[PDB]
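Encoded as structure tokens, the structure appears first; notes follow it.
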Amino acid sequence: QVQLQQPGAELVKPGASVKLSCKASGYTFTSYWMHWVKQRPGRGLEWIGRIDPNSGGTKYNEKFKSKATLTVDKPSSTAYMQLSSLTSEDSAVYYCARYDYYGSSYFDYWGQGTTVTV
Amino acid sequence: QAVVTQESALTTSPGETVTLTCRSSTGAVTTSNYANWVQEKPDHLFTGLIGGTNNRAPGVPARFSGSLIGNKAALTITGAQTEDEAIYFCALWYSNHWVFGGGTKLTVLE
Ligand SMILES: O=C([O-])CCCCCNC(=O)Cc1ccc(O)c([N+](=O)[O-])c1
């Protein structure tokens, strides 16, 4: 019973930043990587970026650089992702998912996703 | 930069076998690209099936298996059951980023 908890939604007027959270439980947090993914019909899965709990270090999709800000909270076992100026593209689902940097190389557990409707 | 291509949709029938593939704009796909198959079930639900080209996610019904078929990453379903209707994504790790394929709708029982 591994689990990644993400709040359901966000409803905001254009050009309005939002901090997104993702809680992990049932396993050892800092031992796995955290990746944020975006969905929106057309195919929809675009990789926003990764964060290494330990390090605080990230690797972002260069497309989302002047946009998204990744951070974590080690004690609460919570991953974050900020979005600056929701220009309004952004009306999409934002997922948090588990990734085995030290492992079997799969995105096994996924979060339910935080929907963002601008 | 790179583009990951999968079949848009495959139609199958119960008790039959079906294969889905994942292609790269780079060149052949090999064990090095780190082919992962993600399963999306109706109403935005995801679960990894394979990872590391051929490593099944725990719980996933044995009828599923990854491998490489030539220059492409692949997913095989044996005796496709109705519970396999879903959208199958593949993803590839190219140097400094992951790129997801467009996704394959797998219409089990067509
Ligand atoms: O390579 C082997 O020898 C076997 C297991 C290692 C699997 C390779 N996976 C990776 O390390 C890919 C890899 C690299 C850097 C990086 O930042 C990320 N990421 O953010 O998810 C993945």
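Lettering and numbering for the structure tokens are positional, with chains as A, B, ... in the shown order, residues counted from 1 in each chain, and ligands counted from 1 in the shown order.
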
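Contact shell of stretch 10-13 of chain A at 12 Å (only C-alpha atoms; same-chain neighbours under 6 positions omitted): residues 19, 20, 21, 83, 85, 86, 87, 88, 90, 91, 92, 93, 94, 113, 114, 115, 116, 117 and 118 of chain A.
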
Next, dump the selected residues to file, keeping only C-alpha atoms, as a PDB file, in the first residue's frame.
ATOM      1  CA  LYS A  19       1.899  26.068  -5.251  1.00  0.00           C
ATOM      2  CA  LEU A  20       1.132  22.371  -5.750  1.00  0.00           C
ATOM      3  CA  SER A  21       1.771  19.622  -3.180  1.00  0.00           C
ATOM      4  CA  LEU A  83       3.749  27.708 -11.269  1.00  0.00           C
ATOM      5  CA  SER A  85       2.243  33.294 -14.317  1.00  0.00           C
ATOM      6  CA  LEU A  86      -0.565  30.991 -15.364  1.00  0.00           C
ATOM      7  CA  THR A  87      -0.779  32.692 -18.738  1.00  0.00           C
ATOM      8  CA  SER A  88      -3.627  30.256 -19.385  1.00  0.00           C
ATOM      9  CA  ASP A  90      -2.038  25.420 -18.004  1.00  0.00           C
ATOM     10  CA  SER A  91      -5.620  24.204 -17.787  1.00  0.00           C
ATOM     11  CA  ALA A  92      -4.410  20.647 -17.303  1.00  0.00           C
ATOM     12  CA  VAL A  93      -3.768  17.878 -14.762  1.00  0.00           C
ATOM     13  CA  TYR A  94      -0.591  17.915 -12.800  1.00  0.00           C
ATOM     14  CA  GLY A 113      -3.448  14.476  -9.998  1.00  0.00           C
ATOM     15  CA  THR A 114      -4.188  18.106  -9.141  1.00  0.00           C
ATOM     16  CA  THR A 115      -6.375  19.625 -11.853  1.00  0.00           C
ATOM     17  CA  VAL A 116      -5.743  23.289 -12.692  1.00  0.00           C
ATOM     18  CA  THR A 117      -8.559  25.081 -14.560  1.00  0.00           C
ATOM     19  CA  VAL A 118      -7.691  28.727 -15.340  1.00  0.00           C
TER      20      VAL A 118
END

Check which residues fall inside 10 Å of ligand 1 when counting only C-alpha atoms and all ligand atoms, and print them as an MDAnalysis selection string.
(chainID A and resid 32:35 49:52 57:61 98:107) or (chainID B and resid 31:34 51:52 92:98)

I'd like the contact shell of stretch 56-65 of chain B - 7 Å cut-off, only C-alpha atoms, skipping same-chain residues fewer than 5 positions apart - returned as an NGL selection string.
(:A and (108)) or (:B and (48-51 or 75-79))

Would you put the residues from that selection into a file with N, CA and C atoms, as a compact mmCIF listing (two decimals), in the first residue's frame?
# COMPACT_ATOMS: atom_id res chain seq x y z
N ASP A 108 6.06 3.48 -11.01
CA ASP A 108 5.06 2.57 -10.45
C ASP A 108 3.85 3.25 -9.85
N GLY B 48 2.00 2.27 -13.52
CA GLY B 48 3.11 1.78 -14.35
C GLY B 48 2.91 0.28 -14.53
N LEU B 49 3.23 -0.30 -15.66
CA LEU B 49 3.07 -1.75 -15.86
C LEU B 49 4.41 -2.47 -15.95
N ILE B 50 5.22 -1.85 -16.78
CA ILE B 50 6.57 -2.33 -17.05
C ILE B 50 7.46 -1.12 -16.78
N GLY B 51 8.74 -1.32 -16.65
CA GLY B 51 9.79 -0.32 -16.41
C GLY B 51 11.08 -1.11 -16.70
N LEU B 75 5.12 -3.61 -25.83
CA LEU B 75 4.25 -4.21 -24.84
C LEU B 75 3.37 -5.33 -25.41
N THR B 76 3.48 -6.52 -24.84
CA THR B 76 2.67 -7.66 -25.22
C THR B 76 1.66 -8.09 -24.18
N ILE B 77 0.45 -8.26 -24.68
CA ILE B 77 -0.71 -8.67 -23.88
C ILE B 77 -1.19 -9.99 -24.43
N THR B 78 -1.25 -11.00 -23.63
CA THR B 78 -1.66 -12.38 -23.97
C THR B 78 -2.96 -12.85 -23.39
N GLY B 79 -4.01 -12.92 -24.22
CA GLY B 79 -5.35 -13.36 -23.79
C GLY B 79 -6.07 -12.14 -23.23

Picked from chain B by DSSP as strand (DSSP E or B), as a ChimeraX atom specification:
/B:4-6,9-11,17-24,36-41,45-51,55-56,64-69,72-78,86-94,97-100,104-107

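Residue nearest chain B within the list A:75, A:111, A:53, A:7: A:111 [criterion: smallest interatomic distance, only C-alpha atoms].
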
Polymer residues at most 6 Å from stretch 8-23 of chain B, only C-alpha atoms, same-chain spacing of 3 or more positions, as JSON, numbers by chain
{"B": [4, 5, 72, 73, 74, 75, 76, 77, 78, 79, 80, 81, 104, 105, 106, 107, 108, 109, 110]}
